[PDB]
Each structure stands twice: as C-alpha cells, then as structure tokens.
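Worksheet: the structure to be examined is printed underneath.
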Amino acid sequence: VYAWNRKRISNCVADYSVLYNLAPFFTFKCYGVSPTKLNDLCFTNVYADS
Amino acid sequence: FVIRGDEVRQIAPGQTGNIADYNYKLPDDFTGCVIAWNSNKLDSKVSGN
Amino acid sequence: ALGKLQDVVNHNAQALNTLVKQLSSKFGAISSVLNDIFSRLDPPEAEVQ
Amino acid sequence: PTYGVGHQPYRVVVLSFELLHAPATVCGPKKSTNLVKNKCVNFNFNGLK
C-alpha cells in the first residue's frame with residue numbers, strides 16, 4: 001500500500017460487464033459513476049491503483 | 001427462490017446481472033423487502049445438489 | 001437623449017442573457033448537464049442530482 | 001489464514017477516471033452507427049447524449 005502500483009489504461013475498448021457480472025468480488029463500490037453505466041460511457045485518464 | 005451466496009446483491013431494483021436479467025427482475029419503483037439466509041444445511045448434498 | 005428607452009431594451013436583453021447564463025450552474029450537483037447525470041448515475045442518486 | 005474476517009488480506013484496485021472533459025480513448029462495447037445529416041435524432045457521442 002505504501003508503494004501502490006499505478007497502471008495507465010488507454011487506447012482500448014473496455015467491457016466492464018464481464019467484471020460486474022462475474023461474482024467473486026465482495027466489494028464493487030463506485031462513487032462518481034454508476035456501476036451499471038460503465039459499459040455506456042467513454043473515458044480517458046483511466047488509472048488502476050493496486 | 002434459491003441462489004448463490006454472492007448473488008444476493010443482484011436481488012435489488014435496477015440491477016444488471018444474470019439472475020437479475022434472465023431469472024428475476026425488480027422494477028425501479030419497487031417497494032418491499034428482500035430476505036436472504038444461508039441454506040447449506042438443507043439445500044446442499046455431498047454428491048452435488 | 002434617448003437613454004430611458006435604450007435602458008428598457010438593455011434591461012430586457014440583460015435579463016434574458018442572465019437567464020440563459022444561469023443554465024451553466026451546477027446548483028450543488030455533480031454536473032450542469034442533465035444527460036451526463038442520467039448517463040452516469042443510478043436513478044436513486046441521479047434523481048437527487 | 002487462521003484469522004477471522006476483518007483481519008484477512010484484501011486486494012484493492014482503485015479505478016480513477018475523468019468525465020468527458022477531454023478526448024476519450026477508453027470506451028464501452030457499444031457499436032458505432034452511421035451518421036445522418038439534417039434530421040432530428042437522439043445521438044450518443046462518447047457518452048454524451
């Protein structure tokens with residue numbers, strides 16, 4: 001957590017429905033966007049912090 | 001009905017999912033209560049239910 | 001000389017321009033565009049925005 | 001592994017976005033339609049409805 005990994009996501013088409021519809025993740029909590037609307041929107045400045 | 005343990009979040013209004021879309025759908029203006037409890041003791045078998 | 005009539009025309013045009021300008025106000029919401037609000041949030045919180 | 005819930009290790013991934021204020025490079029699986037001129041249509045350009 002002190003050296004958390006940041007990955008840039010760009011120039012791809014993302015299907016978040018396969019992430020949402022798969023059931024292993026206990027917490028999928030979104031703040032500024034609806035979970036079900038992620039497939040209907042286009043984004044830039046996408047970052048994954050692990 | 002009987003579902004999985006992790007699928008209890010999909011029994012809610014406005015949700016997109018597999019049992020939400022193709023098995024049981026709730027309306028946006030739904031009123032009522034959802035009850036979920038574990039049934040491993042009764043609805044499971046060692047050979048596979 | 002004709003300041004009173006031009007003043008009335010100015011007030012009406014300025015009131016319309018201010019009324020048009022007021023559409024660019026978030027009013028304490030995440031965005032000032034309604035379509036973004038629909039495209040981004042679930043109906044329980046999008047209704048509030 | 002012997003500890004109870006609340007102390008077990010959890011993997012957290014934070015997805016950070018920006019909303020519509022730049023040209024977008026990551027999009028959803030929606031298919032592109034043809035463009036029509038001089039007609040009243042309900043359009044969706046990169047999430048802008």
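Values below: every heavy atom of this structure, side chains too, minus hydrogens, waters and symmetry copies. Every chain is numbered from 1, with letters handed out A, B, ... down the list of sequences.
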Work out which heavy atom in B/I19 is nearest to a heavy atom in B/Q10; give both atom names and the distance. CG1-OE1, 3.4 Å
State whether the side chain of C/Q6 and the backbone N or O of C/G3 hold a donor-acceptor pair below 3.5 Å, judged by distance alone. no
Test item: side-chain donor near acceptor, A/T36 and B/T16, under 3.5 Å: yes
Can you get from A/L41 to D/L20 by hopping between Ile, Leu, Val, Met, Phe, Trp and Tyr side chains that sit under 4.5 Å apart? no
Would one find more than 12 heavy atoms of other residues, nucleotides or ligands at under 6.0 Å from atom CD of C/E47? no
Quick one: closest heavy-atom pair of C/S32 and C/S24, and the distance? CB-C, 4.2 Å
Go through the side-chain N and O atoms of B/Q15 and A/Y20 and say whether any donor and acceptor fall under 3.5 Å apart. yes
For A/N21 and B/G17 the tightest heavy-atom approach is OD1-CA, 3.8 Å
Chi angles and distances behind the side-chain contact (heavy atoms from CB on, under 4.5 Å) call for B/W37, B/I35: CA-CA 7 Å; B/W37 74 96; B/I35 325 295; 4.3 Å; yes
A/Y16 vs A/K37 side-chain heavy atoms within contact, under 4.5 Å: no
Calculate, to the nearest 0.5 Å, the distance between atoms CG and NZ belonging to C/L34 and D/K49 respectively. 13.0 Å
With a 3.5 Å distance limit and no angle check, can you tell me whether D/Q8 reaches the backbone of D/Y3 through a side-chain donor-acceptor pair? yes
Residue pair A/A48 / D/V13: nearest heavy atoms and the distance that separates them: CB-CG1, 4.2 Å
Using 0.5 Å steps for rounding, measure from the CG atom of D/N34 to the OG atom of D/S32. 10.5 Å
Quick one: does B/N49's side chain have a donor or acceptor within less than 3.5 Å of a partner on B/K45's backbone? no
Quick one about A/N39 and A/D15 (side-chain donor to acceptor, distance below 3.5 Å, no hydrogens or angles considered), yes or no? yes
Spell out, as yes or no, whether a donor-acceptor pair under 3.5 Å connects the side chain of D/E18 to the backbone of D/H21. yes
Under 6.0 Å from the CZ atom of A/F25, do we count more than 12 heavy atoms belonging to anything else shown? no
Do C/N10 and C/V8 come within less than 4.5 Å of each other through their side chains, counting heavy atoms only? no
So, taking the atom named OG in A/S17 and the one named CG in A/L38, what distance separates them when rounded to the nearest 0.5 Å? 10.0 Å
Rounded distance [0.5 Å steps], OG in D/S16 versus CD1 in A/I9: 10.0 Å
If hydrophobic clusters are built by linking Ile, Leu, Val, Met, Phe, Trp and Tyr wherever their side-chain heavy atoms come under 4.5 Å apart, do D/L15 and A/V33 end up in the same one? yes
Taking atom CG of A/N11 as the centre, does the number of heavy atoms from other residues, nucleotides or ligands within less than 6.0 Å exceed 12? no
CD1 (C/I30) and CG (D/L19) are apart, to the nearest 0.5 Å, by 7.5 Å
Go through the steps to decide whether C/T18 and C/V20 satisfy the test side-chain contact (heavy atoms from CB on, under 4.5 Å), and finish with yes or no. CA-CA 5 Å; C/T18 300; C/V20 163; over 6 Å; no
Does atom CZ of C/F27 have more than 12 heavy-atom neighbours from other groups under 6.0 Å away? yes
Do A/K7 and A/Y47 have side-chain heavy atoms sitting under 4.5 Å apart? no
Testing the 3.5 Å rule here: is there a donor-acceptor pair between the side chains of C/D42 and A/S34? yes
Return the minimal non-hydrogen interatomic distance between B/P13 and B/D28, and the atom names on each side. CB-O, 4.4 Å
Are C/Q49 and C/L41 side-chain neighbours, meaning at least one heavy-atom pair lies under 4.5 Å? yes
Look at the aromatic rings of B/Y24 and B/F1 and report parallel, tilted or perpendicular, splitting at 30° and 60°. tilted
Are the side chains of B/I3 and B/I11 in contact, using a 4.5 Å heavy-atom criterion? yes
Does a side-chain heavy-atom distance below 4.5 Å link B/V8 with B/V34? no
Any chance you could measure C/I37, atom CD1, to C/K26, atom NZ, to the nearest 0.5 Å? 9.0 Å
Side-chain heavy-atom pair A/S50, A/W4 within 4.5 angstrom cut-off: no
side-chain contact (heavy atoms from CB on, under 4.5 Å) partner of A/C42, chosen from D/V26, D/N46, D/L48: D/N46
Tell me, with the steps shown, if A/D40 and C/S39 meet side-chain contact (heavy atoms from CB on, under 4.5 Å). CA-CA 7 Å; A/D40 300 335; C/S39 85; over 6 Å; no
Any D/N44 side-chain heavy atom under 4.5 Å of D/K30 side chain: yes
Evaluate the ring planes of A/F26 and D/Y10, with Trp represented by its six-membered ring, and classify them as parallel (under 30°), tilted (30 to 60°) or perpendicular (over 60°). tilted
